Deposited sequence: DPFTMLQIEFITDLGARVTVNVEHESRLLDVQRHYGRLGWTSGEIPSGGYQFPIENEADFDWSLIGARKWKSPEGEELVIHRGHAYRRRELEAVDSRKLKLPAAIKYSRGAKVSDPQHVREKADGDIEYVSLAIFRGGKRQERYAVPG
């Protein structure tokens, strides 16, 4: 009743369940396996929605991503995009769609270009839990 299981997709695509003895260690477990490129769950449509004040020091390993100035996630490179307010300000991580990207993740934009979003940092209130330790 304090125990928890989390289901990951590994670096090799495998569906693996990890047992967490203590609930409160959940984020540590996500960080641990995230550093190995394991992910849990799916990218929400439109990308993860995070508070804008979380962007500067976001722990990318939480979603199994890493910095490289790019963000690599499940073998894809995402570019950082600064969207000045005009519309609230936002910082978006996205990439150009690939021929293999299915329709439902493609976002049509100017010039017949399509984007695929990993995350957008905008609004909300900072959650210290999301930052690098």
Missing segments of the deposited chain sequence, listed N- to C-terminal
1-2, 71-76, 95-100, 148
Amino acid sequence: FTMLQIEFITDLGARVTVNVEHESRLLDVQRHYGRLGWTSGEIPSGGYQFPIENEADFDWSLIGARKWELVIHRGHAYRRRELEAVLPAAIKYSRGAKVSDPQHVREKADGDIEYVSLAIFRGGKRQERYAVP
From here on, numbers count along this sequence of modelled residues.
Entry B factor averaged over C-alpha atoms, 115-123 against 17-25: higher for 17-25
Stretch with the higher entry mean CA B-factor, where the candidates are 30-38 and 49-57
49-57
When you compare the CA B-factors of 64, 88, 96, 102 as listed in the entry, which one comes out on top?
88
What third of the chain, by the recorded C-alpha B-factor, contains residue 3?
highest
